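J.: just the starting chains for now, same placement as in the complex:
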Amino acid sequence: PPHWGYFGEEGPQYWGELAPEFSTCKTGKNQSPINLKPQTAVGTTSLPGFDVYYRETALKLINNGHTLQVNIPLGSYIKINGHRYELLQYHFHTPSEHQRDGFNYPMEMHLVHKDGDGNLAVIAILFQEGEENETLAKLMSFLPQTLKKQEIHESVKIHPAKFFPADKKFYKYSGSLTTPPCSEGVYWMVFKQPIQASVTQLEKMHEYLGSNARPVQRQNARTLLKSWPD
């Protein structure tokens, strides 16, 4: 499996050309992220919402070269209309990958879920500058200084739903992974409301991660849904 990254010949424009297994990055018509345009988004009257069943667990953390990833032990899940997906992990992007009207946010966060058949559901949370984020602060104390370590902290418990915004409105669309092999068939939900982190918090995250965001992909035939009515 070839090396890929966010700059140069390895960068996002060349992903689809790096190896046969990566080709969807270039040939897919339902890719993520997308530019989110609220004016263009379609209101709904019965879009399924989701129920969160996350349990408190020791912090397992890794800088895998492409992102900072928190690995979740089996036992946490969501239910989208009674359909159950297991929380596998969450990780971070600086700057954000999704845009609002063509503008990036300073940071984006992805909570990755999978069901029994291999189906993926992702919850995306956007950050903007503002109040210090206490939940983020717990995490940042333990940023790994080593690449590709797994770094366990038994006594640190962070509930991932602490990162959820107060407003529960979200956008939903059918998309893909934003990293190779860019697999499609991903159920995306993106919270409308960004949460806040401090400027110095956002800066340290960016300094740590570098720029690890994929450029926005064409919406094509897809409809962007709102979870509330117009």
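T.: Yes, it's here. Numbers count the residues shown, from 1 in each chain, chains lettered A, B, ... in the order given.
J.: quick check, residue A:201 in contact with residue A:137.
T.: Yes - using C-beta atoms under 8 Å, residue A:201 is in contact with residue A:137, at 7.1 Å. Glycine gets a C-beta too; all of them are placed from N, C-alpha and C.
J.: the more surrounded of the two?
T.: Legend: neighbour count by other C-beta atoms under 10 Å for residue A:201 and residue A:137, higher for residue A:201 (22 against 12).
J.: pull the distance from the host helix or strand of the more buried one to the chain's centre.
T.: Taking DSSP states H and E as the definition, residue A:201 sits inside helix A:199-209. With C-alpha atoms, centre = their mean, to the nearest Å as the basis, helix A:199-209 stands 17 Å off its chain's centre.
J.: ok, then the element right after that helix?
T.: Past helix A:199-209, the next helix or strand by DSSP H and E is strand A:225-226.
J.: quick one: residues in contact with that next one.
T.: Applying C-beta atoms under 8 Å, 6 or more residues apart in numbering, the contact partners of strand A:225-226 are A:38, A:41, A:42, A:43, A:44, A:47, A:169, A:170, A:171, A:172, A:173, A:192.
J.: and the two most separated of the residues you listed?
T.: Pairwise distances across the contacts of strand A:225-226 peak at 15.7 Å for A:38 and A:47 (criterion: C-beta to C-beta).
J.: enumerate every residue touching residue A:218.
T.: A:29, A:31.
J.: what of residue A:172?
T.: Applying C-beta under 8 Å, 6+ apart to residue A:172 gives the contacts A:47, A:187, A:188, A:189, A:190, A:225, A:227.
J.: try it again at 10 Å.
T.: Counting by C-beta atoms under 10 Å, 6 or more residues apart in numbering, residue A:172 makes contact with A:41, A:44, A:47-48, A:50, A:80, A:121, A:187-190, A:223-227.
J.: now residue A:183
T.: Applying C-beta under 10 Å, 6+ apart to residue A:183 gives the contacts A:21, A:24, A:25, A:28, A:118, A:120, A:176, A:177.
J.: and what of residue A:174?
T.: A:30, A:32, A:184, A:185, A:186, A:187, A:188, A:222, A:223, A:225.
J.: one more, chain B:
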Amino acid sequence: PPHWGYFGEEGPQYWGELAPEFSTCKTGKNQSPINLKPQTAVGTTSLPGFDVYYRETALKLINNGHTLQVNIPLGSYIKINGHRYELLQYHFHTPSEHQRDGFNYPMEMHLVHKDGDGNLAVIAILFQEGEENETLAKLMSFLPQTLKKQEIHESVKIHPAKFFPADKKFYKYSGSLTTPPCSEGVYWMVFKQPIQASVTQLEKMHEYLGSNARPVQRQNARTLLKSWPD
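T.: Chain B, in position alongside the others:
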């Protein structure tokens, strides 16, 4: 370009393996057709509707080996929310390709549109047994007995909008072509209400076409939309 059909080693389960250009038939996550489940469909408050601008022209007709196709001259178009697609053709499938709650209809009809950038939008109309369809009856008088000719009739005019149901409600989703190369990125609208054709009409169409319907594909990460609210 390799030969494909609807039975045997050339059949739909194998399309994706007949040639590299056909691989999306096998690897796609947003394929058509789908089983349409009215219970699962999500009502909307501001999904774009469409305006129909079709003009009356001589009947150009061809059996291309896989279907019966009526070719439309440049000048007919629809506008989806002010965005314009040109009508290229319409053609027929027996039995239907889309299902409702797992049941096929006797026949399905596809109006294919393409815009300037190559984006495709298909309007699908379902047939059920019932009244003799007069518009269908004109068309059947001129079924080509020759493969791959174009068979023009200057004096026969059929307005394609005659095939539209009285009820204008529809289901919409993001999908694909239902034939190789199974290109994705197709904007699908399927009328909720079937129109009627006589048992003898449907029977003769089926006998003419053979079985030319692709099996239903997994909905995966897609939401099925209704053009009206709950």
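J.: the contacts of residue A:183 again please, chain B included this time.
T.: Listed by C-beta atoms under 10 Å, 6 or more residues apart in numbering or on different chains, the contact set of residue A:183 reads A:21, A:24, A:25, A:28, A:118, A:120, A:176, A:177, B:27, B:29.
J.: just residue A:175 next, same as before
T.: A:28, A:30-34, A:98, A:120, A:122, A:124, A:182, A:184-188, A:190, A:217, A:219, A:222, B:29-30, B:221.
J.: do you know how far it is from residue B:230?
T.: For residue A:175, the distance to residue B:230 equals 25 Å [C-beta to C-beta, to the nearest Å].
J.: got it, and residue A:167?
T.: Noted for residue A:167: a distance of 22 Å to residue B:230, by C-beta to C-beta.
J.: show me where chain A has helices.
T.: Ranges of helices within chain A are A:24-27, A:134-140, A:199-209, based on DSSP state H.
J.: export the longest one as CSV, just CAs?
T.: Read that as helix A:199-209. Only the C-alpha atoms of helix A:199-209 are listed here, as CSV (Å, rounded to 0.1, in the frame of the first residue of the first chain):
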residue,chain,number,x,y,z
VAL,A,199,-7.4,30.5,19.4
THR,A,200,-4.3,29.1,21.2
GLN,A,201,-6.0,25.6,21.3
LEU,A,202,-6.7,25.7,17.5
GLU,A,203,-3.2,27.0,16.9
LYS,A,204,-1.5,24.2,18.9
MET,A,205,-3.7,21.5,17.1
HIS,A,206,-2.7,22.9,13.7
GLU,A,207,0.9,23.2,14.6
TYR,A,208,0.7,19.5,15.8
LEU,A,209,-1.2,18.0,12.9
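J.: tell me the helices and strands packed up against it.
T.: strand A:68-71, strand A:83-93, strand A:107-114, strand A:120-129, helix A:134-140, strand A:195-197 (3 or more C-beta pairs under 10 Å, 6 or more residues apart in numbering or on different chains; DSSP states H and E).
J.: rewinding a little: quick one, the helix holding residue A:201 and strand A:107-114 angle?
T.: 60 degrees (axes from the mean of the first three to the mean of the last three C-alpha atoms, to 10 degrees).
J.: contacts for helix A:199-209, please.
T.: Residues outside helix A:199-209 that contact it (C-beta under 10 Å, 6+ apart): A:6, A:63, A:66-68, A:91-95, A:105-107, A:127-133, A:136-137, A:139-140, A:143-144, A:196-198, A:212.
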